[PDB]
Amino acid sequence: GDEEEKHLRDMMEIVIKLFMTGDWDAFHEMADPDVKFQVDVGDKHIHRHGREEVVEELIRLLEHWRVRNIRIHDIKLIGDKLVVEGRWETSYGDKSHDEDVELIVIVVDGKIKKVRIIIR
């Protein structure tokens, strides 16, 4: 009962974020009110909490790279955790800003409770 429901929720998260175009505008409707967000960009490490703080920060992150989607290289599903290794799908005219990215998404009770993004 509770297990399959959690798995149905995980799959719906994957298709919205990394399949159904970008649809990262829909991140607000799937984010837990107390969602955590930490960005690792080199030696700068950002930490945000709360749905509004996270959405505003994530939107700025996507604006700096002009992210449309994530060209996925590998994905692992570990219980309630999504682990993605990939490369940016940007709107630039070439590959100048397609930096490698790792994304970790924790799903709790059908809502995204934690997002981690590491860019090298």
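Start at 1 with the first residue shown and count on from there.
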Worksheet, complete the sentence: Mean B factor on CA atoms, stretches 77-85 and 64-72, record says higher is 64-72
Worksheet item: Where do the C-alpha atoms have the higher mean temperature factor in this entry, in 51-59 or in 22-30?
Response: 22-30
Worksheet item: Between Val15, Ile104, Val107, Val101, which one tops the list for C-alpha B-factor in the PDB entry?
Response: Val15
Worksheet item: Where does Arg120 sit by CA temperature factor within its chain: lowest, middle or highest third?
Response: highest
